[PDB]
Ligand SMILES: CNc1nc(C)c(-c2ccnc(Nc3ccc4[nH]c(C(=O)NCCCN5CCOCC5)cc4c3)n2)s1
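In the block that follows, a single chain appears as structure tokens, in the form deposited without the named molecule.
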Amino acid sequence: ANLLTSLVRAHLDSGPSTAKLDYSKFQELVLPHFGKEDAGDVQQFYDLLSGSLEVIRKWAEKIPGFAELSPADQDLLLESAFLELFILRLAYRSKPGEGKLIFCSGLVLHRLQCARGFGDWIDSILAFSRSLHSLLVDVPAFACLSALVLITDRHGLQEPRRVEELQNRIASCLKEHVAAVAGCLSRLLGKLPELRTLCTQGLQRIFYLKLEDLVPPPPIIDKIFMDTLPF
């Protein structure tokens, strides 16, 4: 499809290639005081979240139809999906066999280097990475699935029919791709409860870090945290 091509283009332009993979901060081995953190570890956690939201914004603007939604619907979709998109894209891009987290900037970081900032949550994201990798989801399928995570019904949409029309198009586009390669779906959905648990673990980690307040969360992440709490 021209839509499939557009979706694949956007996905590949929103991550690093094997070339601009940045090992400047990668330490095979550092020795953390587990179950504690300092201001620099918490700043880095928030900065990674922030960089991923900046990058996901630019990816979304390249999904045909998305830029023509009301600005409020664009924000609402982006906020509502951000955490799930962060986890899924990190899982899909990372190397769980080498305990390597690969962030959208090209930054590579060892599990042990993420432990202070992220706590348990990063161990759980690596577990989901292994899970995801075993389903051998090809790039064009992933490029569609990530878009379906974004372009979905949400309470508060001004133009929900336009969002449902676009969701239809991307669902169609995915169906057509899995027919073109057949000559996985049911098993991908079996992993979705892990992914929702991981979204929750994210909110729990942000709550924990807001309680501790070593450094305050950036305003845009704080707004997503608050706007994403059903109470």
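Heads up, when I say rigid core I mean the largest set of C-alphas that superpose within 1.5 Å between the two forms. From 1 onward, residues are counted along the sequence shown.
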- Item | Divergent stretch in 6 other deposited structures of this protein, 184 to 192 or 169 to 177 [C-alpha RMS, superposed by the core] | 184 to 192
- Is the larger C-alpha RMS shift in 6 other deposited structures of this protein, relative to this form with the rigid core superposed, found in 156 to 164 or in 107 to 115? 156 to 164
- Message: Does the comparison with other PDB entries of this protein show residue 45 lacking coordinates in a third or more of them, where both adjacent residues are built?
- Response: no
- Relative to the other compared entries, is residue 33 without coordinates in a third or more of them? yes
- How many residues that are in the deposited sequence but not in the model lie between residue 183 and residue 184: none, 1 to 3, 4 to 9, or 10 or more? 4 to 9
- Averaging C-alpha B-factors over each stretch, which comes out higher, 131 to 139 or 71 to 79? 131 to 139
- Message: When the Cα temperature factors in the entry are averaged, is it 200 to 208 or 46 to 54 that ends up higher?
- Response: 46 to 54
- Message: Among the choices 39, 166, 60, 178, identify the one whose CA B-factor in the record is greatest.
- Response: 178
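The same protein has a further form, the form deposited with the named molecule bound, not shown here; the description that follows concerns it.
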- The binding site of the unliganded chain, tested against the named molecule placed in the deposited complex and superimposed by local C-alphas, with a 2.4 Å cutoff to backbone or C-beta atoms and a three-atom threshold, is open
- Query: Judged by heavy atoms and a 4.5 Å cut-off, are 15, 97 and 146 together in contact with the named molecule in the deposited complex?
  - Reply: yes
- So in the deposited complex, does residue 89 come within 4.5 Å of the named molecule, heavy atom to heavy atom? yes
- Message: So, residue 66 and the named molecule: in the deposited complex, are they within 4.5 Å at any heavy atom pair?
- Response: no
- Message: If we define contact as a non-hydrogen atom of the residue within 4.5 angstroms of the partner, is residue 111 a contact of the named molecule in the deposited complex?
- Response: no
- Query: Does residue 59 reach the named molecule in the deposited complex if we count a contact as any heavy atom within 4.5 Å?
  - Reply: yes
- Within 4.5 Å of the named molecule in the deposited complex: residues from 130 to 165 (heavy atom criterion): 133, 142, 146
